[PDB]
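Okay, so we've got the same protein chain twice, two forms, each given alone as structure tokens, structure 1 and structure 2.
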Structure 1
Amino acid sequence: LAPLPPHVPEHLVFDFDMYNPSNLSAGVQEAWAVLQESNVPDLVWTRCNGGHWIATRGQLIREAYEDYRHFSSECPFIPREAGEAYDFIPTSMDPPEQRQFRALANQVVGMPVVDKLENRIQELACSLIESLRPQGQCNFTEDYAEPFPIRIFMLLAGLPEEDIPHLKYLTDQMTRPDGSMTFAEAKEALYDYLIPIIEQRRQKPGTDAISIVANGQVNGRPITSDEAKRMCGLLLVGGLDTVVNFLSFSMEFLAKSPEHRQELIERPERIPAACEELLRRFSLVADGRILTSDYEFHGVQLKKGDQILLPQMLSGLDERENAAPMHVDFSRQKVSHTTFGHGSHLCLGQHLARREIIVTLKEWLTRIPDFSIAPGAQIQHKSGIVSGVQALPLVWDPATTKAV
């Protein structure tokens, strides 16, 4: 526990630990939802992880994400030392500078790009599922979820298949840290892979995402090799652990709820709406901002340089946003959430993520309609900037399946 700064009133202190919440064994979302019990203020201070504010309700979370002038992305991670070394583009920049880097990134992951990849995503999901289907078991996280988005990235970025294991090792080193290296060391190792590929593609550009990025124009002039490197790093990692962990939460729920499975089996047209409801219920990202100046925010004095966690996860779990928030209903009329963020940094990959999810659910339920959590397995959750599932052992009877 970091000593309480003098400006923080005692009555706002709730020592929530975002990397190890108590009651984690009851499910991550549940463990974070304690921040929304009736005696917890809308805005609290925790002494864990260096000390930082947490906005606990959707209204404040949305408002802080809109107000980039007070709530800067310059240092977006807890703890402070990780936010400080983090330099990805555009996640470490504020508007107005961020605006055009965002425009460039959007050329590479936005809607028209997704509509063209739809089928390649489908062929990938199918071959992954078909290879598992006859075995009657998998670790979903390891055998389907992890191989999936890295392979879509390679397709986007025109990178060779043989690179996957190496790239996977580099990204895991950054995003699942075991404490053996600082974030800054993990970032440099990743940059060491990207640096030469950018050089090559600035000299000899093709039509992959890295060529488009490394040769784009920003705020009047050509992008620097440094800026391109910083963008490509985010393009790579931004779609990995979010998608892996999200698919894992989703499949865990479907494995545990035959009634919801059946609903989607009998009514496949509801899969896109079911995807949205799952995005809300199993929301999983929690980053934040640093105060650019002293600022009174909903009655609370915030001090220049204070960090604030603004959990994207919590908005849609908030009773004030969605009634009976822990309950899953695929026919919910107004599914509100900020699972992909809010304000100027609203996830550029959201459209690709939804096709990854929808395609996964469609293809899986079609080939393996009936599945369960392996007998005797207890599912372990992990908590962090991107919360997740440690392992997801699934079982099915292969006779209830069909090759398609």
Structure 2
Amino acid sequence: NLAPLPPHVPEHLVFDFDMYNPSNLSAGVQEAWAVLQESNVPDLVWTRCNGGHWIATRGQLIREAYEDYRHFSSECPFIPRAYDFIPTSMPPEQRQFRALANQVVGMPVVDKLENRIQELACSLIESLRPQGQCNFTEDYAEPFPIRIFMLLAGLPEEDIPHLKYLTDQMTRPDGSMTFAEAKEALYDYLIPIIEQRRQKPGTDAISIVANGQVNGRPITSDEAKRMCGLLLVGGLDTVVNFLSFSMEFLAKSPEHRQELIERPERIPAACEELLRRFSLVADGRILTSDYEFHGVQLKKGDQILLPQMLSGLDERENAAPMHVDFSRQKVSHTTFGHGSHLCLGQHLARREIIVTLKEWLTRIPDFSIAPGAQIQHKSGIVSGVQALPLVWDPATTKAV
């Protein structure tokens, strides 16, 4: 299961961390990853797991490597070594595609969409409220971002379960479809819509993308489908799992819950602190050349894991980093990434989070983990929560 150690890697830097099955997973996934920040662990280590790769363990190195795109390329952005979404793997071109994507998910769009997002959150919460229980992950978290995508992209509600099935197959295959088959089925769906909206545009994301320009010429169908596909999948598992870590914490910490109930104006700040504490993405890069990085010889072609999750957990970045404190004066994190690939959806995501917390806490202020339940986490490129059974007394809630 361990790949043989390359001869350029000194043995004293070896730490066999498995990003898909870390040793202390039962104790919490962020805690399991923070073992990389224990004092006997160097800033940059090599693991023999998963093909063999570097891991930067501290925020300083994680940020620097994401800044240095000339050495740390997105050509292979995932460990381990058919994925073709745009602009994940791409500078003049990356910048043009990002600008176009920014027209459709940037702050002005999110500000226009906010009340629609609230209305959606409200309808979902109200549907669960009288039951006095739900699996938050399945019953609220999963249906919310996919519905926001349909709003954003001007797609009919009827198309949700099929689209959701394809995106589920790309990350959590049941075996009916290979990744490549799921991706192509997604493209089968998007291509006709892109073409129709090229000729007869609305103001939705697909119309805007389909009418965009790259290199002084019209965006191609291939480019537009790959961009639309990324806009869809980028906002699903990340938001599902993040909302689930946040709601798990709030269920388990009545005093933090009470703080937001009493002081709802703190919710935007609380969102930032939760993004830091329950950070969840760990992407990577591949070396474009031999490069000495902080005293360590990296070889052309080596992969390096640069966990976005770790920057904000680094005690060099935030004191007492496992403590949640909504009043931190400086919330330092790279939860949405860093450098040229910084999350295009960061504004939409924050609004989704804040709206969800505001609406949940006003309708269902008092809730707990279901008696007897033990919450299980999962680890990967996007770490997450397997299920989140919550319980409340319906008499303590308030209807619309």
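Rigid core here is just the name for the largest C-alpha set that superposes within 1.5 Å across the two forms. For numbering, take structure 1's sequence and count from 1. Only residues modelled in both forms are compared.
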query	finding
Core-superposed comparison between the two structures: the option from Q200, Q135, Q301, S127 whose CA moves 2 angstroms or more	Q200
Post core alignment: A186 C-alpha displaced by 2 Å or more between the two structures	yes
Post core alignment: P177 C-alpha displaced by 2 Å or more between the two structures	yes
Per-residue Cα shift, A214, between the two structures [Å; core superposed]	2.0
Distance moved by the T224 C-alpha between the two structures (core-aligned, Å)	1.2
Sequence-ordered runs, three or more residues, C-alpha shift 2 Å or more between the two structures, rigid core	176 to 207
